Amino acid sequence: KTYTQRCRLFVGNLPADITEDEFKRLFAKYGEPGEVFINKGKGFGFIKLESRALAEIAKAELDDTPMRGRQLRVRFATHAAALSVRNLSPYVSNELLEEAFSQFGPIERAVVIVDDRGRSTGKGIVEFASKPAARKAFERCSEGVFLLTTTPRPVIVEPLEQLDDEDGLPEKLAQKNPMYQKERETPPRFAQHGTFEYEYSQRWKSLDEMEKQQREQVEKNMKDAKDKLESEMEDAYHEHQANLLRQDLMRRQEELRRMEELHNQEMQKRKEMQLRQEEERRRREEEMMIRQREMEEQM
């Protein structure tokens, strides 16, 4: 899929004195330019290229390259239509997560995040072509209860928290707060024993441990409360599979009674006519026995 938000580059430290075609010449070698936006006041712009790879070479080749007195700053623009999705089965695949989230709009990209051994973490990223497509997917799954498997685990759709681990927090930016140079008066060191800071170091280690102890206490809470919901909803399922066998068996008994009463109706019509045959047989005997009496007493 060509010219996605993943193909979109940011370019900072542009001269205020540039044209949209001067900026387009910069990326001439990387083929037909797509979406272009400039903001001459704030000396930065956006370009879209055909493929993610073209963007990757372009970023690589043009970052920290001069633009008439300024060193350019080329990064990937932060996807403005991206979503976090958590509470996934370890079987939900990238392909499935995509298929599932296709129902909300056009899927630029869908990944489930895996650990060092390739196992699923139950977190994943969904990137939509349009902001609307994400807003739709967010509002719908936040109200509704979107499942992705046999097991009724709902998916938790939040907006994506985009953290910068490339440029980070450089010193020149940190210096803006006067509290930085104050705090840096002491240099990095190990708290030596006998100092008054050493004591409070260890009291901070005590608080950090208490935090990690209390947070693993929440993980236990969740794990024991879901194993209470596994047995509480699986026993309302064997009550529903008994209420199925209860109704189904009472229908087979009611229809049996019916067809047994039809087999009775039929038996009574057989018994009815076989009686009426024997009723005539004995009727005719009487007539012909008594008609014989009537011809004898006539002579």
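Numbering starts at 1 and runs along the sequence shown.
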Quiz item: For the stretches 106-114 and 181-189, which has the higher mean C-alpha B-factor as given in the deposited record?
Solution: 106-114
Quiz item: Would 260-268 or 241-249 have the larger average of its C-alpha temperature factors, as given in the entry?
Solution: 241-249
Quiz item: So among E197, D208, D224, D165, who wins on Cα B-factor in the entry?
Solution: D224
Quiz prompt | Highest-ranked of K48, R68, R52, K59 once sorted by CA temperature factor in the record | solution = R68
Practice problem: Could you tell me which third, lowest, middle or highest, the C-alpha B-factor of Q5 occupies within its chain? | Solution: middle
Quiz item: Which third, lowest, middle or highest, does the CA B-factor of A100 fall in along this chain?
Solution: middle
Quiz item: Based on the entry's values, in what third of the chain does the Cα temperature factor of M289 lie: lowest, middle or highest?
Solution: highest
Exercise. For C141, return the chain-relative third of its C-alpha B-factor as stated in the PDB record: lowest, middle or highest.
Key: highest
Quiz item: Which third of the chain holds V218 when residues are ordered by C-alpha B factor: lowest, middle or highest?
Solution: middle
